[PDB]
Each structure stands twice: as C-alpha cells, then as structure tokens.
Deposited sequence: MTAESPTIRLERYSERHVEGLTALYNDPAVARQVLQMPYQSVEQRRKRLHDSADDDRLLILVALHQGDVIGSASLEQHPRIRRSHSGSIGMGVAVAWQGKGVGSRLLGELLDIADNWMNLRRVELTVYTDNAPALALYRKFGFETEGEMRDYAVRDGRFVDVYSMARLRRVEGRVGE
C-alpha cells in the first residue's frame, strides 16, 4: 500500500469532509457528524499561517487519514505545538497513523524546532495510546468528563513529547 502525504488543500476538501463524517472516526476526536463540504472549503480558504500544518494521507487519490500540528500563537507558549485529539484514520492498522504522526513530528523537530508537542486522547482508545507512546508521548494528566462521546462525558489523557 502506497501512502502519499500532502498538505491539505482545495482538492482534498471533499475527501476529508467524508473522512470526519464517519461516526466511527468523528467520535474518537471532537468533530460533529454531517459537516458540509462547503463549510470546510470555507474554513480552508479562510486559513494563511505556516504555524498550522494539516496533512492528508492518500491512497489512489482518496483521503484515508488526516492529522494536524499547530504551533501555539502566544509567544510564551510558541516553543510548543499541538496535534489536538491526534491522528484521524479510516484504514486503521495499515500504517497510516504512523506515516502521519512521523511526518508531523519530523516538521516539529527539524523545521519548527519545537521543544514540546501536546495532544489529548480518550483514555480507552488503547490503539491510539499505543501509537502515541511509540512516538515518544507520555501521559501528563487525566482529565475527567473532558468531552462528550456517545451521549456521555468521557475522560482523555493529556500527553506530551519533549525534545
């Protein structure tokens, strides 16, 4: 399986909207179902800062994953970046999460020269947790009733990777 990584752009709006519109994908991050292609196309054209990088994983031209890294906008926090709820993959277990996470960390380390990369993950998302720890993330805190998922408040682990 050949996986190209690309900067999320106009030509990807349709596939990415579809990726996060899958209830099984959305519930593991903070997205809501039924998002519009046009509302996302907007937020895209309403984006231009190089401190926010959004990558899409592709197969035969289809968006099968996505991840983002954003350096904090505040000067006293600018040595850190966040990848949010993490990697969003549709094809789990086929190396997409690793391809995306490795590429984002490469940028953080070697190009932005960030000292700290932060993320949050649902405490029961064992597969995601295993991936993040493989890449150097450690749990720093546990946040109770952090977000809504499946009609109830669930916890997330707050993680960080220091360089």
| query | finding |
| --- | --- |
| Deposited-sequence segments unaccounted for in the coordinates | 1 to 5, 53, 170 to 177 |
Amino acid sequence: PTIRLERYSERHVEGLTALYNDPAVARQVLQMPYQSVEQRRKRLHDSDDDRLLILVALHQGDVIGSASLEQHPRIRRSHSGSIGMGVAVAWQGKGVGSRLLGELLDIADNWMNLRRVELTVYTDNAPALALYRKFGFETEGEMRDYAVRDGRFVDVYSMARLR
From here on, numbers count along this sequence of modelled residues.
property	result
117 to 125 versus 57 to 65 - greater average Cα B-factor per the deposited record	57 to 65
Residue range whose averaged C-alpha B-factor is higher in the record, 6 to 14 or 20 to 28	6 to 14
Maximum C-alpha temperature factor, selected from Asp109, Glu70, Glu138, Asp49	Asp49
